[PDB]
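Engineer:
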Ligand SMILES: *[C@@H]1O[C@H](CO)[C@@H](O[C@@H]2O[C@H](CO)[C@@H](O[C@H]3O[C@H](CO)[C@@H](O)[C@H](O)[C@@H]3O)[C@H](O)[C@H]2NC(C)=O)[C@H](O)[C@H]1NC(C)=O
Ligand SMILES: *[C@@H]1O[C@H](CO)[C@@H](O[C@@H]2O[C@H](CO)[C@@H](O)[C@H](O)[C@H]2NC(C)=O)[C@H](O)[C@H]1NC(C)=O
Ligand SMILES: *[C@@H]1O[C@H](CO)[C@@H](O[C@@H]2O[C@H](CO)[C@@H](O)[C@H](O)[C@H]2NC(C)=O)[C@H](O)[C@H]1NC(C)=O
Ligand SMILES: *[C@@H]1O[C@H](CO)[C@@H](O[C@@H]2O[C@H](CO)[C@@H](O)[C@H](O)[C@H]2NC(C)=O)[C@H](O)[C@H]1NC(C)=O
Ligand SMILES: *[C@@H]1O[C@H](CO)[C@@H](O)[C@H](O)[C@H]1NC(C)=O
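Residue numbers (the entry's author numbering), protein chains in the order written: chain A, 390 to 486; chain B, 535 to 583; chain C, 341 to 389; chain D, 14 to 69, 77 to 244, 254 to 292.
#1: Which residues in the same chain have their Cβ closer than 8 Å to the Cβ of residue 368 of chain C, if we skip the five residues on either side of it in sequence?
#2: So with Cβ pairs under 8 Å, would you call residue 462 of chain A a contact of chain D?
#3: How big is the Cα-Cα spacing for residue 71 of chain D and residue 260 of chain D?
#4: Leaving out five residues on either side along the sequence, give the residues of the same chain with a beta carbon under 8 Å from the beta carbon of residue 155 of chain D.
#5: Compute the Euclidean distance between the alpha carbons of residue 187 of chain D and residue 263 of chain D, then round it to the nearest angstrom.
#6: Using 7 Å as the cut-off, classify the Cβ of residue 81 of chain D as near or not near the heavy atoms of ligand 3, replying yes or no.
#7: Rounded to a whole number of angstroms, what is the C-alpha to C-alpha distance between residue 125 of chain D and residue 102 of chain D?
#8: What residues match up with residue 132 of chain D in a beta bridge as DSSP calls it?
#9: Between the C-alpha atoms of residue 92 of chain D and residue 15 of chain D, what's the straight-line distance to the nearest angstrom?
#10: Might you give, ordered along the chain, the residues of its own chain that have their beta carbon closer than 6 Å to the beta carbon of residue 65 of chain D, omitting 5 neighbours on each side?
#11: Could you compute how far the alpha carbon of residue 381 of chain C sits from the alpha carbon of residue 174 of chain D?
#12: Can you tell me the Cα-Cα spacing of residue 212 of chain D and residue 118 of chain D, whole angstroms?
#13: With distances taken between CB atoms, is the gap from residue 562 of chain B to residue 576 of chain B smaller than 8 Å?
#14: Are the beta-carbon atoms belonging to residue 370 of chain C and residue 455 of chain A less than 8 Å from one another?
#15: Mind checking residue 47 of chain D: buried by the 16 CB within 10 Å criterion, or exposed?
#16: Hey, is residue 16 of chain D close to ligand 3, as in C-beta under 7 Å from one of its heavy atoms?
#17: Once DSSP output is grouped into helix, strand and coil, what is the label at residue 539 of chain B?
#18: So, is the C-beta of residue 391 of chain A closer than 8 Å to a C-beta in chain B?
#19: Going by Cα to Cα distance, which pick from D:221, D:257, D:215 and D:270 is closest to residue 28 of chain D?
#20: Among the residues of its own chain, which have a CB less than 7 Å from the CB of residue 574 of chain B, if the five just before and after it don't count?
#21: Applying a beta-carbon distance threshold of less than 7 Å, which residues of chain D neighbour residue 469 of chain A?
#22: Helix or strand or just coil, what does DSSP make of residue 410 of chain A?
#23: Near residue 535 of chain B, what residues of its chain come up, given a Cβ to Cβ distance below 7 Å and the 5 sequence neighbours on each side ignored?
#24: May I ask you to list, following chain order, the residues of the segment 546-569 of chain B that have a beta carbon less than 8 Å from some beta carbon of chain D?
#25: Can residue 200 of chain D and residue 193 of chain D be called in contact, C-beta distance under 8 Å?
#26: Any chance you could list the residues with Cβ under 6 Å from a heavy atom of ligand 4, keeping chain order?
#27: For a test of the three-state rule: what should DSSP assign to residue 107 of chain D, helix, strand or coil?
#28: Look at residue 557 of chain B and residue 257 of chain D and say whether their C-beta atoms are less than 8 Å apart.
#29: Can you pull the chain C neighbours of residue 413 of chain A, defined as C-beta to C-beta under 7 Å?
#30: In the DSSP assignment, the beta strand (DSSP E) including residue 160 of chain D goes from what residue to what residue?
#31: What are the boundary residues of the alpha helix (DSSP H) that includes residue 439 of chain A?
#32: Which residues share a DSSP beta bridge with residue 52 of chain D?
#33: Anything in the segment 214-241 of chain D with a Cβ closer than 7 Å to a Cβ of chain B? List those residues in chain order, please.
#34: Near residue 22 of chain D, which residues of its chain fall below 7 Å by C-beta distance, leaving aside the five closest residues on each side in sequence?
#35: Nearest-angstrom Cα distance between residue 26 of chain D and residue 82 of chain D?
#36: Are the C-beta of residue 280 of chain D and some C-beta of chain G separated by less than 8 Å?
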């Protein structure tokens, strides 16, 4: 079989969250940083990389998004670092309650 | 051409007689489909005819 | 539910009634880390609606 | 740079009729001698395509909504319409897509742009050299976090002309579906003065960009001391695509030759 346009999406996640990479899933990976479309045509590939990515003092170069006003769209990539407001108050600057 | 063969164009497996067409595919198109929606024409991927 | 200091043995499995509350399951994303989460009567996406 | 060019006359919003335009090939399959029904985001027939002018006096570059795709067309002379900006903040809080055709090459880039209130490009008109050459590029201040970047092979496209009636119609359909930004386009010669020509012609797909950004608003970029200038005689029209069934006639050669809007 041949393929017309091919894109490889490469990223690192916690091992528990590989299940969230399937289309039609929820959780902070599916909800907030990586969503696959319901009619996704492709394959998902993952392998345990503890021997490559881990660091004795803890490797903190790998980031995930924990807060979002709304679940993002399929194949959408949110780079924004703007602060998330959990309460009813607005929050400016860098930090707040 | 002109003989019955099990063809495979870009994975488009099938059985049928191949023949030189006069359909003019615009470049973004590779396959043509019938009223029955069965693929009836194909652009050969090595010699673009 | 998901943080109780001591869970029950499987033969004596516990059952708790959940009533008059809002199912905002987002609150536990930071700290849950579920290895298995499988729904059988609903799609997981729909739980909020 | 980044400069506000505020000298312009105020006019009310214009509208015109999208008779039989904004139809595109719905898929890359060939079909001939058949009438094909398809449901997609099409520009409804005989809808109001909002209408904008560049004159001398008037230089209309508003930030416009971008919902369920957009149909964009420009009756153009002397290459005044040169690109678009897409995004949802246009202030570097979030990413944005820039498509620009400038004198030397077309550039497509996705960055956290800090756009200006009035973005534009500029040309020096007949400055003792007989030819026209581009000199001003004032759209954004800085473009730090870029995640997509394409630049075409170089060329020189002329930026001079003073003929009365418009000689070019360029049509574009923009759809942002599941992270893929799709563009369909068509080019036809015309000899019309002041309105979207009546007729029919379907847009072929040309490029599909995997930008993956959230697009809610967009803005076209037009060629143009800091304030007080002269606008080019060019006009562009904007419609919006809605999910509609379209019956499409394919002629003996496979080109969509007619269409019917089911609603
Ligand atoms: C893609 O970008 C869209 C535009 O930014 C965005 O829609 C925006 O959503 C926010 C939050 O839902 C809205 O913010 C306002 O919402 C209501 C009024 O709509 C107010 O009560 C709030 O206090 C707040 O002021 C924006 O108004 C809204 N913008 C538009 C044009 O609708 C989408 O949510 C984004 N898509 C994704 C998947 O993130
Ligand atoms: C696919 O490969 C063939 C060669 O294997 C290329 O076709 C050749 O083109 C030259 C120039 O016309 C001919 O002299 C050869 O005889 C052709 N080969 C054969 C086997 O007939 C062809 O160009 C390749 N595909 C593409 C898209 O370039
Ligand atoms: C062009 O005008 C806009 C307003 O129309 C200016 O934007 C303002 O910028 C100041 C800071 O410089 C902010 O405090 C205001 O809130 C902004 N207003 C709006 C409506 O956005 C912009 O700075 C001007 N640019 C130049 C180069 O003069
Ligand atoms: C988005 O832009 C910001 C601002 O440049 C980036 O934050 C910088 O990241 C580099 C690399 O880690 C640091 O050396 C700088 O100190 C950071 N600057 C600030 C002001 O925090 C951020 O990394 C960019 N994001 C992406 C995805 O490229
Ligand atoms: C005329 O062209 C030359 C290069 O050919 C350029 O350096 C010069 O600035 C131009 N003059 C004007 C007035 O634009």
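Beta carbons: idealized from backbone N, C-alpha and C, even for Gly.
Structural biologist: Once the coordinates are examined:
#1: These residues qualify, in order along the chain: 342.
#2: True, the Cβ-Cβ gap to chain D drops below 8 Å.
#3: Absent from the coordinates is residue 71 of chain D, which sits in the stretch where chain D moves from 69 straight to 77.
#4: 142, 143 and 144
#5: 10 Å
#6: No - ligand 3 has no heavy atom lying nearer than 7 Å to the Cβ of residue 81 of chain D.
#7: 11 Å
#8: By DSSP's assignment, residue 132 of chain D forms no beta bridge with any residue.
#9: 26 Å
#10: Cβ neighbours of residue 65 of chain D within its own chain (closer than 6 Å, five residues either side excluded): 80 and 265.
#11: 58 Å
#12: 30 Å
#13: A distance of 8 Å or more separates the beta carbons of residue 562 of chain B and residue 576 of chain B.
#14: When the beta-carbon positions are compared, residue 370 of chain C and residue 455 of chain A come within less than 8 Å of each other.
#15: exposed
#16: yes
#17: strand
#18: It does; some Cβ of chain B falls within 8 Å.
#19: D:215
#20: 566, 567 and 568, listed in sequence order.
#21: 113 and 114
#22: helix
#23: 552, 553 and 554
#24: 557, 558, 559, 560, 562, 563, 564, 565, 566, 567 and 569
#25: no
#26: A:468, D:164 and D:165
#27: Three-state DSSP puts residue 107 of chain D in a strand.
#28: no
#29: 383 and 385
#30: 153-160
#31: 439-442
#32: D:274
#33: Cβ contacts with chain B: 224 and 225.
#34: Answer for residue 22 of chain D: 77 and 78, listed in chain order.
#35: 11 Å
#36: Note that chain G does not occur in the displayed structure, where the protein chains are A, B, C and D.
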